[PDB]
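We begin with a single chain expressed as structure tokens, specifically the form deposited in one PDB entry.
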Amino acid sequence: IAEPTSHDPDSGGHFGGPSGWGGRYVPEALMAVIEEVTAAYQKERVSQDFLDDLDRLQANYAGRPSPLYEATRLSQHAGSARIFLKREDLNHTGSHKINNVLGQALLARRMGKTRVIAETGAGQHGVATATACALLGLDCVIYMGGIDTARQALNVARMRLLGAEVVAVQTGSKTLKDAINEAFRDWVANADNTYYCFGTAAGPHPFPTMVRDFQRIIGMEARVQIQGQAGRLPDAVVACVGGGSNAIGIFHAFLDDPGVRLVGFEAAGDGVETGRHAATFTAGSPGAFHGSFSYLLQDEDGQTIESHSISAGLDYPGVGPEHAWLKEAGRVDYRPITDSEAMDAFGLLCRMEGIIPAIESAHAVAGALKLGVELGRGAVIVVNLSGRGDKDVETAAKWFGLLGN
């Protein structure tokens, strides 16, 4: 069923008033295609036939629902609190990103678009987008920085096995930044036949709301499951925060449960005092970035500060505007977790539960262990385990001296 709209922005994309968070800080050159997508999504999000299509792919193709697993062997490290893991690590492709690209690829098809484009850093969103496109028979082009493509030979290869074209951007710094730039330009030129698959709960309206809508399922499932296993609503629900899609997806169903604490954990890298971090809320301030007004890491002139994390997916200097609103409103707390705290939690989860998590997801596990100590014995904490750690085994093995030299 079409789910309620109490927490939705206004028609301009604003959360918290007609000039608050979100909006559309984009060129007029993008506005025709942004409006076409907006009108398309307004129609389809209330269409029972669209939701049935998405539900059907969620169930049979992607393997939803994901289970909720009480990681009893973490308890001793979380002040004897109870850590329940929402297992998005078991989705097809190995993360929550599949939820997003299924929704958008279906939408692209509803719009009569024959071609989908996207960009990727380390490769996760690129692989997810190429996956959904192969599924639905859409032509797929992924833009990726030259420095990333040479460093991610197997993810580029995955994308190509999936039938996608990978365009290595060799201009500028040859990074994510430059790929985004080429993707936005492709969109404008090819707007008549091309859909742009946004990677996270950020960007201009309608993307923060749409991406969150396709991730809502996580929290919906989790709210039923936790009451099933624990016999009550949790004391807290937590997640890692890059742009914010997995976090907002698990939080949404708990928003009107005023006894449930909501905590997002962001990448503090080497430490928030070192200037090598991605701690957008902890160290950033309000500004316009990549299409929305939210928090970002920016210098005294408003230039974007380069961010650092051991995880690719949290290494983002901004954050989705819905999170900015929820922060301003006092509803969600956002906290920093270092590379070291995350890797310690990665290792612990491997040894204690046999689950190799994404390093991104390990930031939430590390966070949850700290919140467990705060809340104490018997406290019930749901953690979004946003992905599996297969992609991270080499990084983790180097961290823990398992590859030698």
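Numbering starts at 1 and follows the sequence shown.
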Given the B-factors recorded for C-alpha atoms, which segment has the greater mean, 119 to 127 or 171 to 179? 171 to 179
Between 269 to 277 and 222 to 230, which has the higher average C-alpha B-factor in the PDB entry? 269 to 277
Largest Cα B-factor, entry values, listed residues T209, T149, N246, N99: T149
Can you tell me which of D186, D213, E322, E88 has the maximum CA B-factor listed in the PDB entry? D186
Going by the recorded CA B-factors, say which third of the chain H290 sits in, lowest, middle or highest. highest
Would you check the entry's CA temperature factor for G103 and let me know if it's in the chain's lowest, middle or highest third? lowest
Which third, lowest, middle or highest, does the C-alpha temperature factor of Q58 belong to within its own chain? middle
Cα B factor band for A329 (lowest, middle or highest third within the chain): highest
Entry-reported Cα temperature factor of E374, expressed as the chain third it lands in: highest
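This protein has a second form, the form deposited in another entry, left out of what is shown; the following refers to that one.
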Answer yes if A191 and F254 are in one rigid part between the shown form and the other one, otherwise no. no
